[PDB]
Each structure stands twice: as C-alpha cells, then as structure tokens.
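target_20.cif, holding mmCIF, C-alpha atoms:
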```
data_coords
#
loop_
_atom_site.label_atom_id
_atom_site.label_comp_id
_atom_site.auth_asym_id
_atom_site.auth_seq_id
_atom_site.Cartn_x
_atom_site.Cartn_y
_atom_site.Cartn_z
CA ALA A 2 4.82 16.61 6.56
CA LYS A 3 3.15 14.89 3.62
CA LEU A 4 2.46 11.16 3.83
CA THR A 5 4.69 9.56 1.14
CA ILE A 6 5.33 6.12 -0.32
CA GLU A 7 8.87 4.96 -1.23
CA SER A 8 9.35 1.98 -3.57
CA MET A 9 12.17 -0.39 -2.44
CA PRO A 10 13.45 -0.97 -5.09
CA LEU A 11 12.17 1.71 -7.48
CA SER A 12 12.65 -0.55 -10.49
CA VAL A 13 11.70 -4.19 -9.97
CA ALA A 14 12.46 -7.16 -12.19
CA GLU A 15 9.38 -8.95 -13.39
CA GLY A 16 8.65 -11.85 -10.98
CA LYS A 17 10.59 -10.23 -8.10
CA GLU A 18 9.28 -8.39 -5.11
CA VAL A 19 8.89 -4.71 -4.12
CA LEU A 20 8.39 -3.20 -0.68
CA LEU A 21 6.36 0.03 -0.42
CA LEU A 22 7.64 1.95 2.62
CA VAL A 23 5.49 4.65 4.23
CA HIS A 24 7.03 7.90 5.53
CA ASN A 25 5.38 10.56 7.76
CA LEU A 26 2.72 8.25 9.08
CA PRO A 27 0.53 10.31 11.46
CA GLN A 28 -0.18 9.07 15.02
CA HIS A 29 -3.39 7.89 16.73
CA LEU A 30 -4.41 5.72 13.83
CA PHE A 31 -7.31 3.33 13.47
CA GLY A 32 -6.06 1.51 10.36
CA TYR A 33 -4.83 1.36 6.76
CA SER A 34 -6.21 0.52 3.36
CA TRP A 35 -4.06 -0.19 0.35
CA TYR A 36 -5.44 0.14 -3.12
CA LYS A 37 -4.19 -0.85 -6.49
CA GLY A 38 -3.84 2.20 -8.70
CA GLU A 39 -3.97 5.95 -8.09
CA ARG A 40 -7.32 6.33 -6.22
CA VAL A 41 -9.12 5.41 -3.07
CA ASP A 42 -11.86 3.19 -4.50
CA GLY A 43 -13.31 0.07 -2.91
CA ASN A 44 -13.35 -1.82 -6.23
CA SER A 45 -9.54 -1.52 -6.26
CA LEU A 46 -9.09 -2.38 -2.54
CA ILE A 47 -6.18 -4.73 -1.86
CA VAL A 48 -6.38 -4.90 1.91
CA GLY A 49 -7.94 -3.08 4.90
CA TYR A 50 -5.98 -3.47 8.14
CA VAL A 51 -7.23 -2.68 11.68
CA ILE A 52 -4.32 -1.87 13.93
CA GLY A 53 -6.04 -2.79 17.20
CA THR A 54 -6.96 -6.33 16.12
CA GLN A 55 -4.11 -6.78 13.58
CA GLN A 56 -6.85 -8.09 11.20
CA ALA A 57 -6.09 -7.81 7.48
CA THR A 58 -9.19 -8.22 5.26
CA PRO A 59 -8.65 -8.57 1.48
CA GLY A 60 -10.66 -6.59 -1.07
CA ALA A 61 -11.48 -7.31 -4.70
CA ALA A 62 -7.99 -6.28 -5.92
CA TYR A 63 -6.10 -8.68 -3.60
CA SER A 64 -4.23 -11.10 -5.85
CA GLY A 65 -2.31 -13.34 -3.42
CA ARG A 66 0.83 -11.21 -3.91
CA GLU A 67 0.37 -8.54 -1.32
CA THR A 68 1.14 -8.45 2.41
CA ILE A 69 0.58 -5.51 4.79
CA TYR A 70 2.69 -4.91 7.86
CA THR A 71 1.91 -3.07 11.11
CA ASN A 72 4.16 -0.16 10.06
CA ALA A 73 1.86 0.30 7.00
CA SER A 74 4.38 -1.08 4.48
CA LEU A 75 3.05 -3.27 1.70
CA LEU A 76 5.18 -6.10 0.30
CA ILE A 77 4.28 -7.13 -3.25
CA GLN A 78 5.73 -10.41 -4.52
CA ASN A 79 5.76 -11.91 -8.04
CA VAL A 80 5.30 -8.54 -9.74
CA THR A 81 3.71 -8.72 -13.23
CA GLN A 82 5.10 -7.19 -16.44
CA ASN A 83 1.79 -5.36 -17.18
CA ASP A 84 1.68 -3.57 -13.75
CA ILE A 85 1.78 0.22 -14.29
CA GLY A 86 3.02 0.21 -10.72
CA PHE A 87 0.68 2.69 -8.95
CA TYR A 88 -0.44 1.82 -5.43
CA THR A 89 -2.37 4.08 -3.05
CA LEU A 90 -2.44 4.11 0.73
CA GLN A 91 -5.24 5.60 2.83
CA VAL A 92 -4.42 6.08 6.49
CA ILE A 93 -7.54 6.16 8.62
CA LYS A 94 -6.99 8.34 11.65
CA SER A 95 -9.00 7.85 14.84
CA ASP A 96 -10.44 11.45 14.24
CA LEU A 97 -11.31 10.52 10.56
CA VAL A 98 -9.30 13.37 9.09
CA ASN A 99 -7.76 10.83 6.77
CA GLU A 100 -4.72 11.03 4.52
CA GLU A 101 -3.76 9.53 1.17
CA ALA A 102 -0.54 8.95 -0.74
CA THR A 103 0.23 7.28 -4.03
CA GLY A 104 3.52 5.52 -4.74
CA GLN A 105 4.88 4.02 -7.93
CA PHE A 106 7.44 1.36 -8.97
CA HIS A 107 8.65 0.54 -12.48
CA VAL A 108 8.67 -3.05 -13.71
CA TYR A 109 11.26 -4.22 -16.22
#
```

As structure tokens, the full file:
Amino acid sequence: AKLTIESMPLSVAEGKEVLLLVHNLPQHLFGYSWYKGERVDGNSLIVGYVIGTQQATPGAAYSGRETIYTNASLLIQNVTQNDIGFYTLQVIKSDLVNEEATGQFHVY
C-alpha cells in the first residue's frame, strides 16, 4: 500500500503543534528525510535520520520546531500562520528503491 502522511490534527491553531503520522512504512529501512513543502529537495531538508545510529541531522529548512521520531513521525511545534502546511517524507530503503509521500495540515 501507498506510503501516506496523516496530520494530527488536520487543522492546527497558530502557535500550537501538529504531529505528522506515517502509515504503510515499508520494512528494512536505512532512514528517513523530512522536507518542508511538496518535493524532495535538499534545500528544503528539515532533518535526515539514520535508524541504526538514531542520529538526526538538521538541514537548511530546520527551524527549531521540528522533531523526528523512530516511527518516522514528525512533530511540529509553534506552527506559523503563513505555513501552507505541506511536508514531504522520503523513506530510504536499504535496497534504495525509495518512497515518498506528502502530507498537509491547515493552519488557522
């Protein structure tokens, strides 16, 4: 089944926090990368996470707000009014047949 992102909650009050849950995560993974926006693009990288070491390394889009968990979920605190709300996960499989999914939340 398709890798999908669920926003918990779907609508988030400005200043509050949103959890991005990941469904249908494939097995035998090497790591995860979360991006701000709709695309895999290193300039929008929030965090790359190596499962084996549990090492999270921030990218240029990391803002202090974002925390990645071992189950691939991304917690975003202190959500801004201007955030269009698109976030993109790339799962990096140990065979490098990698998968992407984009989720969205709606700030009010």

Residue members of the PyMOL selection byres ((chain A and resi 44-58) around 7) in the file shown, as a PDB file with C-alpha atoms, keeping the file's coordinate frame:
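Printed below is expr-v1.pdb as written:
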```pdb
ATOM      1  CA  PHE A  31      -7.310   3.330  13.470  1.00  0.00           C
ATOM      2  CA  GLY A  32      -6.060   1.510  10.360  1.00  0.00           C
ATOM      3  CA  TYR A  33      -4.830   1.360   6.760  1.00  0.00           C
ATOM      4  CA  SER A  34      -6.210   0.520   3.360  1.00  0.00           C
ATOM      5  CA  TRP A  35      -4.060  -0.190   0.350  1.00  0.00           C
ATOM      6  CA  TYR A  36      -5.440   0.140  -3.120  1.00  0.00           C
ATOM      7  CA  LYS A  37      -4.190  -0.850  -6.490  1.00  0.00           C
ATOM      8  CA  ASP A  42     -11.860   3.190  -4.500  1.00  0.00           C
ATOM      9  CA  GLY A  43     -13.310   0.070  -2.910  1.00  0.00           C
ATOM     10  CA  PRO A  59      -8.650  -8.570   1.480  1.00  0.00           C
ATOM     11  CA  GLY A  60     -10.660  -6.590  -1.070  1.00  0.00           C
ATOM     12  CA  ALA A  61     -11.480  -7.310  -4.700  1.00  0.00           C
ATOM     13  CA  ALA A  62      -7.990  -6.280  -5.920  1.00  0.00           C
ATOM     14  CA  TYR A  63      -6.100  -8.680  -3.600  1.00  0.00           C
ATOM     15  CA  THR A  71       1.910  -3.070  11.110  1.00  0.00           C
TER      16      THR A  71
END
```

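If all atoms listed in the file are the atoms counted, then among A:78, A:89, A:83, A:28 the closest residue to residue 101 in chain A is A:89.
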
Within 9 Å of (5.0, 5.8, -6.2), in the coordinates the file gives, what residues turn up when you count all atoms listed in the file, written out as a PDB file with C-alpha atoms, keeping the file's coordinate frame?
```
ATOM      1  CA  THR A   5       4.690   9.560   1.140  1.00  0.00           C
ATOM      2  CA  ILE A   6       5.330   6.120  -0.320  1.00  0.00           C
ATOM      3  CA  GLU A   7       8.870   4.960  -1.230  1.00  0.00           C
ATOM      4  CA  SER A   8       9.350   1.980  -3.570  1.00  0.00           C
ATOM      5  CA  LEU A  11      12.170   1.710  -7.480  1.00  0.00           C
ATOM      6  CA  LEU A  21       6.360   0.030  -0.420  1.00  0.00           C
ATOM      7  CA  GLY A  86       3.020   0.210 -10.720  1.00  0.00           C
ATOM      8  CA  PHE A  87       0.680   2.690  -8.950  1.00  0.00           C
ATOM      9  CA  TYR A  88      -0.440   1.820  -5.430  1.00  0.00           C
ATOM     10  CA  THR A  89      -2.370   4.080  -3.050  1.00  0.00           C
ATOM     11  CA  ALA A 102      -0.540   8.950  -0.740  1.00  0.00           C
ATOM     12  CA  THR A 103       0.230   7.280  -4.030  1.00  0.00           C
ATOM     13  CA  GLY A 104       3.520   5.520  -4.740  1.00  0.00           C
ATOM     14  CA  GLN A 105       4.880   4.020  -7.930  1.00  0.00           C
ATOM     15  CA  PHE A 106       7.440   1.360  -8.970  1.00  0.00           C
ATOM     16  CA  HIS A 107       8.650   0.540 -12.480  1.00  0.00           C
TER      17      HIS A 107
END
```

Report summary line: One residue among A:97, A:77, A:91, A:70 is nearest to residue 10 in chain A when using only C-alpha atoms, and that residue is A:77

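Distance-wise, CA of residue 4 in chain A and CA of residue 19 in chain A end up 18.9 Å apart.
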
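Picture a line from CA of residue 92 in chain A to CA of residue 80 in chain A; it runs 23.9 Å.
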
**Report entry** Distance query residue 76 in chain A at most 8 Å, only C-alpha atoms, self and fewer than 4 positions along chain excluded, as a PyMOL selection string
**Finding:** chain A and resi 18-21+66-69

Requested in this report: Write out as an MDAnalysis selection string the residues lying within 9 Å of residue 72 in chain A, counting all atoms listed in the file and excluding same-chain residues fewer than 6 positions away.
Outcome: chainID A and resid 22:23 26

Report task. Rank A:100, A:39, A:64, A:108 by their smallest atom-to-atom distance to residue 2 in chain A, using all atoms listed in the file, and report the top residue only. Result ->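 Residue with the minimum atom-to-atom distance to residue 2 in chain A: A:100.
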
Query - Minimum-distance residue to residue 75 in chain A, chosen among A:93, A:14, A:9, A:30 (using all atoms listed in the file) - result: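 Among the listed residues, the smallest separation from residue 75 in chain A belongs to A:9.
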
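Ranking A:3, A:90, A:25, A:82 by their shortest atom-to-atom distance to residue 40 in chain A, with all atoms listed in the file included, puts A:90 first.
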
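Reported to one decimal place, the separation of CA of residue 98 in chain A from CA of residue 85 in chain A is 29.0 Å.
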
Please rebuild range 75-106 of chain A with N, CA and C atoms and return the result as a compact mmCIF listing (two decimals), in the coordinates of the input.
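Generated output (rebuild_26.txt):
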```txt
# COMPACT_ATOMS: atom_id res chain seq x y z
N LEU A 75 3.69 -2.25 2.50
CA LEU A 75 3.05 -3.27 1.70
C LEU A 75 4.11 -3.98 0.88
N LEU A 76 4.22 -5.29 1.07
CA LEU A 76 5.18 -6.10 0.30
C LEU A 76 4.43 -6.72 -0.85
N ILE A 77 4.91 -6.53 -2.07
CA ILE A 77 4.28 -7.13 -3.25
C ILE A 77 5.25 -8.12 -3.91
N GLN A 78 4.89 -9.38 -3.91
CA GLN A 78 5.73 -10.41 -4.52
C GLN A 78 5.24 -10.74 -5.94
N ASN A 79 6.10 -11.39 -6.71
CA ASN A 79 5.76 -11.91 -8.04
C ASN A 79 5.09 -10.84 -8.92
N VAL A 80 5.76 -9.70 -8.98
CA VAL A 80 5.30 -8.54 -9.74
C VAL A 80 5.16 -8.87 -11.23
N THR A 81 4.04 -8.45 -11.82
CA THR A 81 3.71 -8.72 -13.23
C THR A 81 4.29 -7.66 -14.17
N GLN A 82 4.54 -8.06 -15.41
CA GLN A 82 5.10 -7.19 -16.44
C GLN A 82 4.15 -6.03 -16.76
N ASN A 83 2.86 -6.34 -16.85
CA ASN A 83 1.79 -5.36 -17.18
C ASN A 83 1.47 -4.31 -16.07
N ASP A 84 2.00 -4.48 -14.86
CA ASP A 84 1.68 -3.57 -13.75
C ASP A 84 2.26 -2.16 -14.00
N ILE A 85 1.36 -1.19 -14.12
CA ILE A 85 1.78 0.22 -14.29
C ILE A 85 2.49 0.72 -13.02
N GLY A 86 2.21 0.06 -11.90
CA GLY A 86 3.02 0.21 -10.72
C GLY A 86 2.51 1.21 -9.70
N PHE A 87 1.29 1.74 -9.91
CA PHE A 87 0.68 2.69 -8.95
C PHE A 87 -0.04 1.97 -7.85
N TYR A 88 0.26 2.35 -6.62
CA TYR A 88 -0.44 1.82 -5.43
C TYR A 88 -0.72 2.98 -4.49
N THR A 89 -1.89 2.95 -3.88
CA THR A 89 -2.37 4.08 -3.05
C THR A 89 -2.73 3.64 -1.64
N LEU A 90 -2.13 4.31 -0.67
CA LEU A 90 -2.44 4.11 0.73
C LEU A 90 -3.44 5.14 1.28
N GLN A 91 -4.47 4.69 1.99
CA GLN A 91 -5.24 5.60 2.83
C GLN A 91 -4.99 5.23 4.28
N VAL A 92 -4.54 6.20 5.06
CA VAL A 92 -4.42 6.08 6.49
C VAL A 92 -5.69 6.60 7.12
N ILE A 93 -6.30 5.79 7.98
CA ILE A 93 -7.54 6.16 8.62
C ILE A 93 -7.20 6.52 10.04
N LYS A 94 -7.27 7.82 10.34
CA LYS A 94 -6.99 8.34 11.65
C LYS A 94 -8.19 8.14 12.55
N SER A 95 -7.94 8.04 13.84
CA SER A 95 -9.00 7.85 14.84
C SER A 95 -9.98 9.07 14.89
N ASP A 96 -9.54 10.27 14.46
CA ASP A 96 -10.44 11.45 14.24
C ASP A 96 -11.10 11.57 12.83
N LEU A 97 -10.83 10.59 11.95
CA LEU A 97 -11.31 10.52 10.56
C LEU A 97 -10.92 11.68 9.67
N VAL A 98 -9.86 12.41 10.00
CA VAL A 98 -9.30 13.37 9.09
C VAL A 98 -8.22 12.57 8.38
N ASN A 99 -8.61 11.87 7.34
CA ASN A 99 -7.76 10.83 6.77
C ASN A 99 -6.83 11.37 5.73
N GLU A 100 -5.77 10.62 5.45
CA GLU A 100 -4.72 11.03 4.52
C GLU A 100 -4.48 9.97 3.47
N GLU A 101 -4.06 10.41 2.29
CA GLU A 101 -3.76 9.53 1.17
C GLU A 101 -2.36 9.83 0.61
N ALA A 102 -1.76 8.80 0.03
CA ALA A 102 -0.54 8.95 -0.74
C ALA A 102 -0.45 7.86 -1.78
N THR A 103 0.09 8.21 -2.94
CA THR A 103 0.23 7.28 -4.03
C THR A 103 1.72 7.10 -4.25
N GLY A 104 2.15 5.85 -4.36
CA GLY A 104 3.52 5.52 -4.74
C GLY A 104 3.53 4.82 -6.09
N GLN A 105 4.71 4.73 -6.68
CA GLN A 105 4.88 4.02 -7.93
C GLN A 105 6.22 3.26 -8.02
N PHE A 106 6.19 2.06 -8.57
CA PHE A 106 7.44 1.36 -8.97
C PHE A 106 7.38 1.05 -10.45
```
